[PDB]
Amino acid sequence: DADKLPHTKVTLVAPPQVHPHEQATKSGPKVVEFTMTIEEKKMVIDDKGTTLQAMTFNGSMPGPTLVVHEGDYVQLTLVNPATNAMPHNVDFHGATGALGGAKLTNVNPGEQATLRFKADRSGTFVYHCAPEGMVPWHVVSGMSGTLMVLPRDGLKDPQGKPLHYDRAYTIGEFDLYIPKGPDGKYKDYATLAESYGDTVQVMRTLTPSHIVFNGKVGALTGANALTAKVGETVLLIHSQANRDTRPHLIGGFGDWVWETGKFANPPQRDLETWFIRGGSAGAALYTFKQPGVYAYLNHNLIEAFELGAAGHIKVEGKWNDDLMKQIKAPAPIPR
């Protein structure tokens, strides 16, 4: 049983990167040890200075992605420093019992706890905070991320053939509910607690003020664009802990997609747009064949371009005229 196995300790890395790991492995099961520390902080979430009284695992939206293999045990130490105001906990969708671990990880400021569970199902799974009586607030304020449980022999196509990625990225998409005052301007709160009531009223409308990748409008653009090269297969992990989304790569595809995120199921191929149910993480593979700056976005184009749910992927390599060619550049219409 779990008390017999070797332990490993993993150092997490900040999104959109994912900590180094193997896909197919000859390793046997391990107890894999992680630690996360909660940070409440005010964050600027758009280009005009709007702030969110935010709550995070490890300082980031999303929290870092934790990667283990099927049959491993996840052993998380969750730290709630005294510098925080609220209690927190963690609910792993990949875990069985005790409301995902929530019932066993209730940490007031100044406390920590350690949870172990068996990661017995392969897939990308949401984890999120879920304190009794204030679950949606802690989720929408930023407290979610992904646990990826890889099959021990790596990813497989519908015919059981091997699949792999060369590079992985993790995108958390956050529907935010920022209140406005009578002047129509977004409210700025001195403390987390003061934002609560007004935010619940906005939540209940079901209309986000902003929908952002990785914590801010344009998080994944400019200097912070994702990167790849022609010939590389990228895994795009997409989590939405509260609300549906519909990822899409402009000028690309989901070559192999697990939209419900569970790797024991066959993936679908050649997707234009896939669907991440609120409360889940999904996974897409794409092998770049053309260089250029791509957009990766939620294809409700209002959600993407107006509300913030879009990033960029800058891809190096050589252009392929067989795949696409400008035959006649824009030029006057003929007489």
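All residue numbers refer to positions in the sequence shown, first residue = 1.
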Q: Check the entry's C-alpha temperature factors for 276-284 and 36-44, then say which stretch has the higher mean.
A: 36-44
Q) Averaged over C-alpha atoms, is the B-factor higher for 213-221 or for 112-120 in this PDB entry? A) 112-120
**Q.** Candidate set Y73, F263, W256, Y165 [ranked by C-alpha B-factor, highest]
**A.** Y73
(Q) Sorting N84, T199, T245, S144 by Cα temperature factor from the record, which one lands on top? (A) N84
Q: Looking at the entry's B-factor column for C-alpha atoms only, identify whether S27 ranks in the lowest, middle or highest third of its chain.
A: highest
Q.
Please say which third, lowest, middle or highest, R269 falls into when its CA temperature factor is compared across its chain.
A. lowest
Q) Lowest, middle or highest third: where is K229 by C-alpha B factor in its chain? A) highest
Q: Within this chain's modelled residues, let me know which third the CA B factor of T191 belongs to: lowest, middle or highest.
A: middle
(Q) By the recorded C-alpha temperature factor, relative to the other modelled residues in its chain, which third is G308 in? (A) lowest
